[PDB]
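What follows is a single chain, given as structure tokens, in the form deposited in one PDB entry.
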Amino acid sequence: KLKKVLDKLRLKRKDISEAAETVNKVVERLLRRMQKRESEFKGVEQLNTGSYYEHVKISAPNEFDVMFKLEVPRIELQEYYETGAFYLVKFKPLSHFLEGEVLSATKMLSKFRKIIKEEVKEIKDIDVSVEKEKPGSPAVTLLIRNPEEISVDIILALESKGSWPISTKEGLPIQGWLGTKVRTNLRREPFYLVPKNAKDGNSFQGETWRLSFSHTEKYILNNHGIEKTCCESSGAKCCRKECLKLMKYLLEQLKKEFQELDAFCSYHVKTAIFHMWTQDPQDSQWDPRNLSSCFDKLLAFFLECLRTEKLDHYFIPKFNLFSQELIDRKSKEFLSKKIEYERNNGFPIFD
């Protein structure tokens, strides 16, 4: 039954090919423009992130996330209040994005958006436009007709090679699952900041940046087993990724018909299952034969997070994604009832 649903959610190679060919052409062209002399962004490198590249995109290859990352050496961080996630950036070029001593996310991003705008109107062979700007959002979204509709979020990110901000010190609790060498290695990789503004201190503090761990999350998806051979050709398949797909599908459907579930996103589901993977590390607990019950354990845990109004950011424990701020209580109760109904009625929404 859930196996029936997964077959339906499974992407088609023909769709993958047509979408990727077009996506790749457009991004390569944008990345190249960014390298032109006397651009502030002359060092950016591409990093493919998110659902599609983690092989957990469902239904159709119609949304792509791409990070353009800029190495900005010698940066001082000041935590914005007590969030753990949001920061103000100072320096120890790009000398016109300033606001006193503060590197403005808004200025750096607006200029980033402007250059993408000009390049896109130069594109004649492909139907592509730039989506209306979303306040506080860090992405410049391309809208593509191939003729099928595809979205590409291009995300400017500052790369810093120093050790991670202390708010992350108790995060990434993978010691009993992926282990201590993996955790230590992952934390010597750089950290990233994206120009997503903090909505606190009404409304958006235009200078604020947000921590991003898209790279770390990507590695974990591709190295998710307690055993090194999990999902390899000389190893055993697990159902970790397929549980994630089923939970994303559920939310995605619920969001489709209830506007009151805006402000929930797939990241909430992704965060909830990373916690689950930590709680249940053994690969044997994620055997394909036990798919139904793993999904049920995920659901019960997600409800428990919903009911207690707490979902700890996997990398930043201080940061509650389900605080009273960010998401209203009633919105959580609403989602609790919908889930509880679909759970007790064999998931009719799956059709």
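Numbering starts at 1 and runs along the sequence shown. We call the rigid core the largest set of C-alpha positions that still match within 1.5 Å between the two forms.
Beyond what is shown, the protein has a form deposited in another entry; the following relates to that form.
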{"property": "From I273, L250, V194, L142, residue displaced between the shown form and the other one - CA threshold 2 Å or more, rigid core", "result": "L142"}
{"property": "Cα displacement of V56 between the shown form and the other one reaching 2 Å, rigid core superposed", "result": "yes"}
{"property": "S203: Cα shift of 2 Å or greater between the shown form and the other one (core-aligned)", "result": "yes"}
{"property": "Core-aligned CA displacement of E131 at least 2 Å between the shown form and the other one", "result": "yes"}
{"property": "Pairwise C-alpha change, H55 versus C265, in that other deposited form against this form - closer or farther, 3 angstroms or more", "result": "closer"}
{"property": "In that other deposited form, shift in Cα separation for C243 relative to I58, 3 Å or more", "result": "farther"}
